[PDB]
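Take a look at the structure set out below.
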Amino acid sequence: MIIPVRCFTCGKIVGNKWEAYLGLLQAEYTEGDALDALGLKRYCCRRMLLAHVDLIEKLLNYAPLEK
Amino acid sequence: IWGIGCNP
Amino acid sequence: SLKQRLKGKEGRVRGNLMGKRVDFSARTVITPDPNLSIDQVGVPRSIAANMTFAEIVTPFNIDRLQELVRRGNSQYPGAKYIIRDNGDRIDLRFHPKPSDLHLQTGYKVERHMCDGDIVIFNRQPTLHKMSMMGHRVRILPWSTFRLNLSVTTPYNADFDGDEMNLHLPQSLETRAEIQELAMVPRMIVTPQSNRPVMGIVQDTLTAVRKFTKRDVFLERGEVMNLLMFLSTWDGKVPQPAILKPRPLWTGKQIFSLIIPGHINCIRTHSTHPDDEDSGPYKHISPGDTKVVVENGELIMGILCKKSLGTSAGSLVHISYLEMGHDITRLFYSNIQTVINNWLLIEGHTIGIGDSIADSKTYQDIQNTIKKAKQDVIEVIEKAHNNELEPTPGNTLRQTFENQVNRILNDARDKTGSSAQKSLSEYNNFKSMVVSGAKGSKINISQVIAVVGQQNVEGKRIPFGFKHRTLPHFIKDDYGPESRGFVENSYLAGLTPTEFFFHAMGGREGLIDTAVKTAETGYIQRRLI
Amino acid sequence: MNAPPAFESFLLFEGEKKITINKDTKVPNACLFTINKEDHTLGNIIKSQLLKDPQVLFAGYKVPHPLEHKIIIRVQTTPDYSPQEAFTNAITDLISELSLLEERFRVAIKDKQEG
Amino acid sequence: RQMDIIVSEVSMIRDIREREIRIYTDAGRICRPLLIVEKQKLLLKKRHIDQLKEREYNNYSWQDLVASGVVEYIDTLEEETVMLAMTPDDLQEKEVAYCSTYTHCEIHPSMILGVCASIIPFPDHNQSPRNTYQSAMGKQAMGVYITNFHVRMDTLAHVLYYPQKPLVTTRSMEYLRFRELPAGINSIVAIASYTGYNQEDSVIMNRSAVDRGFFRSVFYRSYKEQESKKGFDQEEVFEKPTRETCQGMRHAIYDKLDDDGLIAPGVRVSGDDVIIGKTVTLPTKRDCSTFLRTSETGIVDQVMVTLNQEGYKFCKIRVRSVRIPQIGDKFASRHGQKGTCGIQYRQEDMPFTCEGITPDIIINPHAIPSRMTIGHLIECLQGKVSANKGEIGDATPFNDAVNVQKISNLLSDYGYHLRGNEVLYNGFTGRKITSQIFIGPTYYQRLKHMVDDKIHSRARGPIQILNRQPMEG
Amino acid sequence: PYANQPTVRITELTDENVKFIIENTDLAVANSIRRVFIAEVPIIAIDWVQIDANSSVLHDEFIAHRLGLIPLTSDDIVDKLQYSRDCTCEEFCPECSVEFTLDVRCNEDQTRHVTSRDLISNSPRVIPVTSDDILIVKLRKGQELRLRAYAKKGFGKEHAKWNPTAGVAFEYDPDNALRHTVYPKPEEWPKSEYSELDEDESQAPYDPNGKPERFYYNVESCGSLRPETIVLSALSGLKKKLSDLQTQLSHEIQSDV
Amino acid sequence: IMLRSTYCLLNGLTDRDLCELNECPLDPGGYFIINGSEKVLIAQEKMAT
Amino acid sequence: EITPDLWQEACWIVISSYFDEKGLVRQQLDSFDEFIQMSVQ
Amino acid sequence: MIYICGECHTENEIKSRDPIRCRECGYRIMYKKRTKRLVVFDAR
Amino acid sequence: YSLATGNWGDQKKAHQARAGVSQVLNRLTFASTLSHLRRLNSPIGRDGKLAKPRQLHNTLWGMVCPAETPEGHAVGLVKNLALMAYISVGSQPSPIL
RNA sequence: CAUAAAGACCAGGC
Ligand SMILES: [Mg+2]
Ligand SMILES: [Zn+2]
Ligand SMILES: [Zn+2]
Ligand SMILES: [Zn+2]
């Protein structure tokens, strides 16, 4: 749903690198180079953020029970 | 899945 | 009506007098645990906190039982009922009434299930008498049943979500009769086919083969390490096979400490060539074959499932016949422990370097496939010119498809041999097919060379349309491509008109397993 | 349900000991050390240090079940040399080892900075 | 073709030898579309492709493709007078001519698979019973099922915390929406035999990933009660039952009930604890209040109070619980490789590599050779290529443009051995391990079947009334 | 019958990793400090959450799961906090805990990210790592969150939110002079980054008089401790375990008879 | 009424309207609602007439 | 005008236009609409 | 107690033995207010 | 009634009816739902052992998938249909004549 | 402690 803080295999904090990854993809970068400019070098910190499904942006389309 | 004498 | 109420399956006689709901019985999932004996099972602590055992009170256990009364249903090793000579039953669960916890000879405390009790274990369907054997209890933290690996083959179990029942003996005569009649060490050999039911078969069998070559030289450190795992060990370290330049042991010299007593056996190994025993070198065997275990020590020969598995005359069988059952239990245990603990030093895997052949095996695989296809074109061209004479007992269709199936079945075993003679010594497919733990020699041929030819209803793939098999081909086509000869492998992938046929064959092979069990399970009731 | 907590691996319970001595009967001058609430990290250390002593014949360790938390070490020595004496001398050898390595590492990390 | 009189769903079969013509306009038939071939060339030109990638602002779609006479619906009876070409680039050229008079052509030959079989990578490399095993097992893989799972009050819904889309994806998971709502996590698998606790279809799995959320989930079940008036002097009411007024007042802990007779959301509820307090007056009251099950220890999520079709008060309590994976739970691959968990080791005990990447999951080698699942191995190689290059790999079935030698040539460039193998070290003693262990990232699924929903014991409980034997279930 | 003298050489030093080399020691010692870098180094992390008002999208203990995995600056004052079981106080005290507090209310039309910047402590030496932004939950117009987290002391054998490190790399013997692993075809394997071979060789030649020495490490860090104080605290911790065994051991064979 | 069909109160909407009514935009439809639960008609095979 | 060997984008683009128009449950919706529009009359 | 409506989300106090409807919207689904006893979690 | 309980008939003839139509929608995963809304069924009884109605057939090329079918006693009877298989809807023959 | 009926169909696990 939301990005995991602290990768399962290593422990490197990926959970502060998601909006920077969207900002790097928005300009011109390829996915591997936008993963390279973040300091993610070994592939168990690249399946985290290469293959993430961001479902918190569609659970925020419904009105809360207390407006 | 092999032959006629084997298995399907 | 009263006929329908006393009628058959789940009635009052097939459902409430022969088979019935019983109590003191637990049921959960099985998982492996290689650190257990054959004689044992590991029970979780919540099941062991719910089930009980009614134990009488004598003046030899009055202190341990007043200890077991003073703690109960808050601490786990306790009790939950005190039963008097009147038959009156006072509880320790809710409102324990602490003025009335005094015991006396003749009363009985209803104890919780501890380590070392005798139970009965079960997997359904129970097709023979090896499928319900009396284990022994050891209590382990997490939440599944845990049993040894060699006990898998009687119960026909596997550890992908099975469930197995256990029934707990209550009286003392029935615990004595289960102890002296139906324990799992007492049932190693079967009366059905006078051989053992339990053999050393999984990962420990591939590593038992790779532990007993002539290459396996152990240094001093892992001799200390592996000798730490023998319960039937002398206390003495054997003097090594090599004393200079530095002390090195061998695999057969560590394995010959496991083998009990002084037993004598002569077997072979799966790659013993047929033309070796005739001429010279019959008592040397340059491939280190022909196992000889003489005066209780493995002199020579590579072990495999021919020597340790489930056959007649194997090493576990001879050790059962000569020494007993209490020593064969320890034999199974010590093999599995020391070979697992060496197996994390050696290690094992399967990749896809273990599934690919060099660039000159592929070329004559396609040369013999092109040979088969050209000869089938010659036979079909011969039959269309009205020149094919029938055979005694056959029609024209039968002699046609019998000799085409002859040509194609003789040209996928050739590719099978081209795949078998092109493997290596470090390979892992070959290291599983040889050791006998898993695999067969047609799987190596289907993975590497040719999948084969499918067939539904016992013959080659039929004309399911009018005069065609699928709408891509032309009408009345009888070639090898049109009717199911899968000439690719599992690594080169399948074409669409070929994956569909392989799905047909696998479908038939799934229907037969889906259907057969009702007929067999009906016969086996009617005989019994 | 039956998942234990994580402090059953290194917290000592009330009543059980950290170490236990019992004389082995198969071979004379051998002994068996039972450590509670310990694992491979220390047992591999004491095994590999007891195999640097010229008066130690056998030295090994095992964990008899990994869901438990307990380790067992077996020591056989020569005559005129006790096995627990070899055990203590191994441990003081390890203490002097790690203290020398600690002093050298902090001198090296002070030297790597400021050029 | 060009739709003058006849609607496009009829079928017109002419069997020449039988000397008759059958025309069917009846309902219930099944059919699929195809591409018309003329003399030898197709009719779908590039003029129909360059204005079809522009659908958002051109008003050109599939119905203008049918109405132009370049596709056509063909059903099963009319597929016996047809002559298909399975692919245009290889079967309609000038070669040694098998057939020269094709009348149709397929779109792509991987559109013969269903919904659960289009989530298998490389199905043309697997043994077909394994495809049949996974085509009935991605129906019980816990994931996210629909986006408004908050509003819905269903019984027994399982929701996963951190799903991920696959790294090795078929080209027809863009069409059945699998990257919006996936079920499963790309995990670092090792096919190796390590301690013995992964024999006969089991898994060693990393405990220090379970401590970071690996395959963790949440479980919602709901409860309904409904007050009713069944007699002239009998009526059911949401009231908190007291001791000396109501009669059947057992060991359940009634004090968490509020003034309304309903537990407010937030408080945690253990076993045998009353969640709805309802009572009925006696023909001076007797209670009919509901419990929970045995040994859950969950938290009430939300409580919803309304009036039904009749007009009586009607409540729904949804209760959640979090379920951490443990050593009885059942996991599966996308290739029929089911198996439980065997034991969990920490990170200081798993076999690491020369940069410290322990596996998440260790599975046995023996599950590979006898059942011949080598689509598993090619997605475990293609996954290692795809996590390093930065793409997401293609696994659509009948390519003939993705070989094992091309994948191996790509893995040879990123500093790895071209057949996937790596040098693991041991975690218990630090020594190397003599063989080289096949390592790589694959996509495991967490299945529905847990061990807290299956454990069971019995000693002297309730009996039936008719034959006085113990109960059922 | 005695020790050896290992020697350390430090190859690189940043504030995220320490490359160093230990000459002349055993494989059991290099492994055991490779395992105390991971498990047995104490550190501060959140271990107690009490949520007062949660109307967000994620549920309560999802958020109480994502707060335990935020690393707290544990540099100087982890030797001065007790364990909670060693301290003879009441159920909490400021000698073995650090109180936090989050309180975020959303009012605007834009969504609001709740980062680790919103965690406000009482002691300014144990703070979350700010001086990017570890996201906790995204909120909508009309949703809130407030809570009161504490922070205990423990090491990575309890729960792996208390391990101070990322991947600890460790290798020895880059070219098989000892033949611990055996390659089937040694012309397909790329050479290790610490190797000394020629451009056209595969393995060092075998020698029977070998021994594993000259171990090679690389100790990453996640953001709590300095990369060069996981090492010193690891060595002092392992030394403290061995000294405790010699204490109760010498009390045992002192009190055997 | 089968959901998302032409005689339903959800046909032809956009995503903000479906999200406003607490409905999912992905949920394909093709099912009824009888007494709270959600039924679906299985297509039954037949021999041709 | 011909499409030689660029077929790998043309085939999945006409599958893309197919699934963009119709969908996956068109059999259910279209059969029920043919019920309630013509059959009850 | 105090219940929150399901369409306009305004707080209104429904007393026992009374029909369940809101005010100025006409809607019949109420949701219970969150409790005020506090539950302590762990981050483990 | 006959949508609510399955039995495709009357209430007072609730044993001479073909059950198993109109069953409860399945909501574990989204592809479980998309498979359940696209599912065929054949009314041959599920204790018979004639294998000819249960095998895969040449006419299922492209219209019913070959791989997806259950285990147990229902093999090959319950079938799930393909991706581009459109089951027809019907028309009146009056213009064609 | 005591009380939570019972039958029919359906989808699943080994
Ligand atoms: Mg099984
Ligand atoms: Zn990582
Ligand atoms: Zn305190
Ligand atoms: Zn309102």
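For the structure tokens, the naming scheme is as follows: chains receive sequential letters (A, B, ...) according to their order of presentation, residues are indexed from 1 within each chain, and ligands are indexed from 1 in presentation order.
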
Just the residues within 8 Å of residue 4 in chain B, please, counting only C-alpha atoms (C1' of nucleotides), with nothing from its chain fewer than 4 positions along; format it as an MDAnalysis selection string.
(chainID B and resid 8) or (chainID C and resid 405 409 453:455 458:460)

Atoms kept (N, CA, C and O atoms) for selection, written as a CSV table (one decimal), in the first residue's frame:
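Result went into selection.csv, see below:
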```csv
chain,number,residue,atom,x,y,z
B,8,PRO,N,1.3,-40.8,-20.6
B,8,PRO,CA,0.7,-39.9,-21.7
B,8,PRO,C,1.5,-38.8,-22.2
B,8,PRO,O,1.1,-38.3,-23.2
C,405,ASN,N,4.9,-45.4,-35.1
C,405,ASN,CA,5.3,-45.4,-33.6
C,405,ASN,C,6.6,-46.1,-33.3
C,405,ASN,O,7.3,-45.8,-32.4
C,409,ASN,N,9.4,-43.8,-31.8
C,409,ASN,CA,9.9,-44.3,-30.5
C,409,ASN,C,11.3,-44.8,-30.5
C,409,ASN,O,11.9,-44.8,-29.4
C,453,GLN,N,6.2,-37.8,-27.3
C,453,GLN,CA,5.0,-37.9,-28.1
C,453,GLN,C,3.8,-38.2,-27.2
C,453,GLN,O,3.8,-39.2,-26.5
C,454,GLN,N,2.8,-37.3,-27.2
C,454,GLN,CA,1.6,-37.5,-26.5
C,454,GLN,C,0.6,-38.4,-27.2
C,454,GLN,O,0.7,-38.7,-28.4
C,455,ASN,N,-0.4,-38.8,-26.4
C,455,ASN,CA,-1.3,-39.8,-26.8
C,455,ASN,C,-2.5,-39.8,-25.9
C,455,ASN,O,-2.3,-40.0,-24.7
C,458,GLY,N,-4.8,-44.0,-25.5
C,458,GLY,CA,-3.9,-45.1,-25.8
C,458,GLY,C,-3.4,-45.0,-27.3
C,458,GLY,O,-2.7,-46.0,-27.7
C,459,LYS,N,-3.6,-44.0,-28.0
C,459,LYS,CA,-3.1,-43.9,-29.4
C,459,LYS,C,-2.8,-42.4,-29.7
C,459,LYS,O,-3.2,-41.5,-28.9
C,460,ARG,N,-2.1,-42.2,-30.8
C,460,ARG,CA,-1.7,-40.9,-31.2
C,460,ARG,C,-2.8,-40.0,-31.5
C,460,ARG,O,-4.0,-40.4,-31.8
```

So which residues touch residue 45 in chain F within 8 Å, counting only C-alpha atoms (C1' of nucleotides), skipping near sequence neighbours fewer than 3 positions away, as a short mmCIF file (atom, residue, chain, number, x, y, z; two decimals) with N, CA, C and O atoms, in the first residue's frame?
```cif
data_model
loop_
_atom_site.label_atom_id
_atom_site.label_comp_id
_atom_site.auth_asym_id
_atom_site.auth_seq_id
_atom_site.Cartn_x
_atom_site.Cartn_y
_atom_site.Cartn_z
N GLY F 68 8.42 1.83 14.70
CA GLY F 68 9.52 1.12 15.33
C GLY F 68 10.73 1.05 14.44
O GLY F 68 11.85 0.90 14.92
N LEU F 69 10.53 1.17 13.13
CA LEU F 69 11.59 1.05 12.15
C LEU F 69 12.15 2.39 11.72
O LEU F 69 12.69 2.50 10.61
N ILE F 70 12.02 3.43 12.54
CA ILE F 70 12.70 4.69 12.29
C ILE F 70 13.94 4.72 13.17
O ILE F 70 13.83 4.58 14.39
N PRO F 71 15.14 4.88 12.60
CA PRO F 71 16.35 4.83 13.43
C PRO F 71 16.55 6.11 14.21
O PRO F 71 16.43 7.22 13.69
N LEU F 72 16.86 5.96 15.49
CA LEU F 72 17.03 7.08 16.38
C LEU F 72 18.51 7.22 16.71
O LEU F 72 19.19 6.22 16.92
N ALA F 151 10.81 4.75 23.77
CA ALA F 151 11.97 4.21 23.06
C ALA F 151 12.84 3.47 24.06
O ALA F 151 13.46 4.09 24.92
N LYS F 152 12.91 2.15 23.94
CA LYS F 152 13.65 1.32 24.86
C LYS F 152 15.07 1.12 24.35
O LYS F 152 15.51 1.77 23.40
N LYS F 153 15.81 0.22 24.99
CA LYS F 153 17.15 -0.17 24.57
C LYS F 153 17.20 -1.68 24.40
O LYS F 153 16.72 -2.42 25.26
N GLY F 154 17.76 -2.13 23.29
CA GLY F 154 17.93 -3.56 23.08
C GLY F 154 18.78 -3.81 21.86
O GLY F 154 19.18 -2.88 21.16
N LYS F 161 14.46 -4.59 14.38
CA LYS F 161 14.48 -3.14 14.37
C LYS F 161 15.64 -2.59 15.18
O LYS F 161 15.91 -1.39 15.10
N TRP F 162 16.31 -3.43 15.96
CA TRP F 162 17.47 -3.03 16.74
C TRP F 162 18.80 -3.47 16.12
O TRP F 162 19.78 -3.63 16.85
#
```

Which residues are close to residue 34 in chain I, i.e. within 9 Å by only C-alpha atoms (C1' of nucleotides), leaving aside same-chain residues fewer than 3 positions away? Reply as a short mmCIF file (atom, residue, chain, number, x, y, z; two decimals) with N, CA and C atoms, in the first residue's frame.
```
data_model
loop_
_atom_site.label_atom_id
_atom_site.label_comp_id
_atom_site.auth_asym_id
_atom_site.auth_seq_id
_atom_site.Cartn_x
_atom_site.Cartn_y
_atom_site.Cartn_z
N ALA E 264 -17.74 -0.46 21.73
CA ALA E 264 -17.24 0.64 20.92
C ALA E 264 -15.94 0.25 20.22
N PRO E 265 -15.66 0.81 19.04
CA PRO E 265 -14.46 0.41 18.31
C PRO E 265 -13.17 0.91 18.94
N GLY E 266 -12.23 -0.01 19.12
CA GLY E 266 -10.92 0.34 19.61
C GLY E 266 -10.40 -0.63 20.64
N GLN E 302 -14.84 -1.27 13.28
CA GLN E 302 -15.93 -0.30 13.29
C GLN E 302 -17.24 -1.01 13.54
N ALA F 53 -5.93 9.19 18.85
CA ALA F 53 -6.94 9.51 17.86
C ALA F 53 -6.38 9.22 16.48
#
```

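DSSP annotation of chain G from backbone atoms: helix (DSSP H, G or I) residues are residues 15, 16, 17, 18, 19 and 20 of chain G.
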
Which residues of chain E are close to chain K, meaning at most 8 Å apart when you count only C-alpha atoms (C1' of nucleotides), and how do they look as a ChimeraX atom specification?
/E:248,250-251

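Pocket residues of ligand 4, taken as those with any atom at most 8 Å away using only C-alpha atoms (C1' of nucleotides) and all ligand atoms, are residues 4, 5, 6, 7, 8, 9, 10, 11, 21, 22, 23, 24, 25, 26 and 27 of chain I.
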
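If we count only C-alpha atoms, these residues of chain E sit within 12 Å of chain B: residues 127, 128 and 129 of chain E.
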
Counting only C-alpha atoms (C1' of nucleotides) and all ligand atoms, what are the residues, protein, DNA or RNA alike, that approach ligand 2 to within 8 Å? I want them as a PyMOL selection string.
(chain A and resi 7-12+42-46+48) or (chain E and resi 357) or (chain F and resi 167)

To check your reading of the model: which residues sit at most 6 Å from ligand 1 when counting only C-alpha atoms (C1' of nucleotides) and all ligand atoms? Write the answer as a list in words.
residues 158, 160 and 162 of chain C; 14 of chain K

Contacts of range 40-49 of chain D within 7 Å, only C-alpha atoms (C1' of nucleotides), excl. fewer than 5 positions in-chain, as a list in words
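My list of contacting residues is residues 59, 60, 61 and 90 of chain D; 428 of chain E; 28, 29, 32 and 35 of chain F.
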
Kindly work out which residues sit at most 12 Å from ligand 3, using only C-alpha atoms (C1' of nucleotides) and all ligand atoms, and give the list as an MDAnalysis selection string.
chainID F and resid 81:99 150:153

Which residues of chain E come within 6 Å of chain C, and for each one, what is the closest pair of atoms and their distance in Å to one decimal, counting only C-alpha atoms, sorted by chain and residue number, as JSON lines?
```
{"residue": "E:83", "atom": "CA", "partner": "C:472", "partner_atom": "CA", "distance": 5.9}
{"residue": "E:84", "atom": "CA", "partner": "C:472", "partner_atom": "CA", "distance": 4.8}
{"residue": "E:124", "atom": "CA", "partner": "C:494", "partner_atom": "CA", "distance": 5.0}
{"residue": "E:125", "atom": "CA", "partner": "C:490", "partner_atom": "CA", "distance": 4.8}
{"residue": "E:128", "atom": "CA", "partner": "C:503", "partner_atom": "CA", "distance": 5.5}
{"residue": "E:129", "atom": "CA", "partner": "C:506", "partner_atom": "CA", "distance": 5.9}
{"residue": "E:191", "atom": "CA", "partner": "C:349", "partner_atom": "CA", "distance": 5.7}
{"residue": "E:192", "atom": "CA", "partner": "C:349", "partner_atom": "CA", "distance": 4.6}
{"residue": "E:193", "atom": "CA", "partner": "C:348", "partner_atom": "CA", "distance": 5.6}
{"residue": "E:194", "atom": "CA", "partner": "C:344", "partner_atom": "CA", "distance": 5.5}
{"residue": "E:197", "atom": "CA", "partner": "C:32", "partner_atom": "CA", "distance": 5.6}
{"residue": "E:200", "atom": "CA", "partner": "C:159", "partner_atom": "CA", "distance": 5.6}
{"residue": "E:201", "atom": "CA", "partner": "C:160", "partner_atom": "CA", "distance": 5.6}
{"residue": "E:339", "atom": "CA", "partner": "C:160", "partner_atom": "CA", "distance": 4.2}
{"residue": "E:340", "atom": "CA", "partner": "C:160", "partner_atom": "CA", "distance": 5.3}
{"residue": "E:365", "atom": "CA", "partner": "C:349", "partner_atom": "CA", "distance": 5.3}
{"residue": "E:369", "atom": "CA", "partner": "C:439", "partner_atom": "CA", "distance": 5.8}
{"residue": "E:370", "atom": "CA", "partner": "C:439", "partner_atom": "CA", "distance": 4.7}
{"residue": "E:419", "atom": "CA", "partner": "C:353", "partner_atom": "CA", "distance": 5.8}
{"residue": "E:433", "atom": "CA", "partner": "C:345", "partner_atom": "CA", "distance": 5.8}
{"residue": "E:434", "atom": "CA", "partner": "C:346", "partner_atom": "CA", "distance": 5.3}
{"residue": "E:435", "atom": "CA", "partner": "C:347", "partner_atom": "CA", "distance": 5.8}
{"residue": "E:437", "atom": "CA", "partner": "C:349", "partner_atom": "CA", "distance": 5.6}
{"residue": "E:438", "atom": "CA", "partner": "C:351", "partner_atom": "CA", "distance": 5.3}
{"residue": "E:455", "atom": "CA", "partner": "C:28", "partner_atom": "CA", "distance": 4.7}
{"residue": "E:456", "atom": "CA", "partner": "C:27", "partner_atom": "CA", "distance": 5.4}
{"residue": "E:457", "atom": "CA", "partner": "C:26", "partner_atom": "CA", "distance": 4.3}
{"residue": "E:458", "atom": "CA", "partner": "C:24", "partner_atom": "CA", "distance": 5.5}
{"residue": "E:459", "atom": "CA", "partner": "C:24", "partner_atom": "CA", "distance": 4.9}
{"residue": "E:470", "atom": "CA", "partner": "C:21", "partner_atom": "CA", "distance": 5.7}
```

So that I can see what lies close to residue 23 in chain D, please list as a list in words the residues with an atom at most 7 Å from it, counting only C-alpha atoms (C1' of nucleotides) and leaving out residues fewer than 5 positions away in the same chain.
residues 30, 31 and 32 of chain D
